[PDB]
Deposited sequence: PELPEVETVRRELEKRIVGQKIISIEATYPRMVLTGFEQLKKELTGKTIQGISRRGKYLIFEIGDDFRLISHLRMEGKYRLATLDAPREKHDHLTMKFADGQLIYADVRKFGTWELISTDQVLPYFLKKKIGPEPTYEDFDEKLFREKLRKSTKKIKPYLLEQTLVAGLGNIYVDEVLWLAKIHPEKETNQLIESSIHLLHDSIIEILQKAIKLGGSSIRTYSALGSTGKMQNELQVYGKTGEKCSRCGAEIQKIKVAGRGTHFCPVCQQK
């Protein structure tokens, strides 16, 4: 999941578990709780969920006044709300039980993580990760963006994926964004001219906000997304580009599968 999917999950959860007292917490895979499962179980049991926030691709459960549970879904994490008598499925790892249902985390690849941290440590947590601004007009300052691009000789796609120029892009939306901004994924950032950086900036915001409105891409909470029907290049190798009669090509860039339209995305 990328920012749009995580935000969809955040919204569904917010409407359903906020106000719910945690009756108990159980784990078949305690190892994904990086700060210690027993400590998390002791601290959160009996607490009421106050809210759910999000920063980049990170889910943030506000639980009691003084704790936050930072959940990352990584590649295939999935939450669902189930009745208490629901049967365990093979890749279920954690469950948070309420009086009238339960929140189950499942993750085939076991990459997802939970971290318990205190409220006044949330901002420091994200500062230490150097997570960039949220992809909104109010937060994503183009001027700083522009100066960071001009100082680097990194390729634009992997640099955007680092989450430090701006938060929330992953492989799908970085490919869509670069297609929309007519930029080559291996373009070195210091060769980007001002007008391209401007288009890149706005496209990042516009694509991510559109995907949020369409409830994310779906290829469980957040499983009713429609953004996948609007994808222009990701996973569409060999099919025609929607800007010219060329075909989508797929290459490897700094380890990632990369879909782009050669003719519309020259350096």
### Summary
Stretches of the deposited sequence lacking C-alpha coordinates, in sequence order, are 220-223
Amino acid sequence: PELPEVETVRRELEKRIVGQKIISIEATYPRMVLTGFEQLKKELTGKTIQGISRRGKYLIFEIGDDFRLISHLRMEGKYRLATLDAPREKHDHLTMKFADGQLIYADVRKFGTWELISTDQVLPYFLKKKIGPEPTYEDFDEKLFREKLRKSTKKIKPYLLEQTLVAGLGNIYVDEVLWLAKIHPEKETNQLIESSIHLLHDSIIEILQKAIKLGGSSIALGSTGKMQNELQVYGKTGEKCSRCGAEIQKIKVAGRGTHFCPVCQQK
From here on, numbers count along this sequence of modelled residues.
### Query
How about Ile219: is it missing in a third or more of the other compared entries?
yes
### Task
Would you determine, from the values in the PDB entry, which of 60-68 and 222-230 has the greater average C-alpha temperature factor?
222-230
### Message
When the Cα temperature factors in the entry are averaged, is it 43-51 or 236-244 that ends up higher?
### Response
236-244
### Message
I'd like to know which of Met75, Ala167, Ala99, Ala106 has the highest C-alpha temperature factor in the PDB entry.
### Response
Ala99
### Query
With respect to the C-alpha temperature factors reported in the PDB entry, which of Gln163, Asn171, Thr153, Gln121 ranks highest?
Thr153
### Message
Based on the deposited C-alpha B factors for this chain, I'd like to know if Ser196 is in the lowest, middle or highest third.
### Response
highest
### Task
Check where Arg11 lands among this chain's C-alpha B-factors and tell me if it's the lowest, middle or highest third.
middle
### Task
Quick one: classify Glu186 as lowest, middle or highest third of the chain based on its Cα B-factor.
highest
### Query
If you rank every modelled residue in this chain by C-alpha B factor, which third holds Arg88: lowest, middle or highest?
highest
### Query
Lowest, middle or highest third: where is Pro1 by C-alpha B factor in its chain?
middle
